[PDB]
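Coming up is one lone chain in structure tokens, specifically the form deposited in one PDB entry.
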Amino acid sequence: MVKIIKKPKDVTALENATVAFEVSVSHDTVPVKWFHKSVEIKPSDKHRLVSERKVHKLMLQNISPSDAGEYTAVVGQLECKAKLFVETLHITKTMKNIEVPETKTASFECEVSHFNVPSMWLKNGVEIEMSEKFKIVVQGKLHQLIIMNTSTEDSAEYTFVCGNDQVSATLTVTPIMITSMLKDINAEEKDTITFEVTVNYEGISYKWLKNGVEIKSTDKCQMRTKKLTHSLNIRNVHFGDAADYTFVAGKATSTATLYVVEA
């Protein structure tokens, strides 16, 4: 006269979750057994068997992928079955190897299987910390690493760790090259002059030096960019302006001299 009333249902859960299967019967104090892979389940640190009047539960704690599969409750000669599906954290979109000119920004992105995966980024196997240099971003299932102001030292293999999965890609930081170098300028007192250089990449950072000292942007000394050309325009030149000028971008430099003929 014992009847199964409510049968166990499939469970889908993340690895490391605690889950349960439940069978209910028509009578109090009916003994039950549970099976997985054709072996009877015993109480353990992983498995808890709880009977409460008509309700019988199998609880599985801290599940691993090996716990996946079909579980059977046996009540007399009556049986019922349900399955556990264990979702694991994994990569769903990989990262791209990239080449980035020095001084420019590099970025890596991947996509993962689940929300709320913690950020974990490595550079050559060593954990990276968020800083002004490294921007670490999560946007739902999208994970991004932004590397500012790249230099040779940033060329490396970068890895995102996602549970027991990981994905890697390489950054190669490429050298700025000067395709048209500075030329000397031979000027007269009160002239306005313009030094010009052309480089191979747009969007690079640079500075200008006067006898090795960084020049301040002023009305007199204007520094501008047009496409791949960078200029230093000096108004109303005098003897004090006669000097060696250097354009610097990344590891690339070009130097020329301004001559100013007086009076």
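So that there is no doubt, residue numbering starts at 1 and follows the sequence shown. Definition used throughout: the rigid core is the maximal C-alpha set that superposes within 1.5 Å between two forms.
Once the C-alpha B-factors are averaged per stretch, 72 to 80 and 172 to 180 rank with 72 to 80 first. Of the two segments examined, 181 to 189 and 128 to 136, it is 128 to 136 that shows the higher average Cα temperature factor in the deposited entry.
Out of 198, 233, 225, 211, it is 225 whose C-alpha atom has the highest B-factor in the PDB entry. For the set 207, 27, 57, 238, the maximum C-alpha B-factor listed in the entry falls on 27.
In the PDB entry, residue 258 places in the lowest third of its chain by CA B-factor.
Among the modelled residues of its chain, residue 87 has a C-alpha B-factor that falls in the middle third, as given in the PDB entry.
Ranked within its chain, residue 220 lands in the highest third, by CA B factor from the PDB record. Among all modelled residues in its chain, residue 95 ranks in the highest third by Cα B-factor.
The entry lists a Cα temperature factor for residue 164 that places it in the highest third of the chain's modelled residues.
Keep in mind the form deposited in another entry is missing from the figure; the text below concerns it.
The one residue among 124, 149, 192, 131 whose Cα position changes by 2 Å or more between the shown form and the other one, with the core held fixed by superposition, is 192. Superposition on the rigid core between the shown form and the other one places the CA atom of residue 236 2 Å or more away from its counterpart.
Core-superposed comparison between the shown form and the other one: the C-alpha position of residue 44 differs by less than 2 Å.
Shown in the overlay between the shown form and the other one, fitted on the rigid core, is a CA shift at residue 64 smaller than 2 Å.
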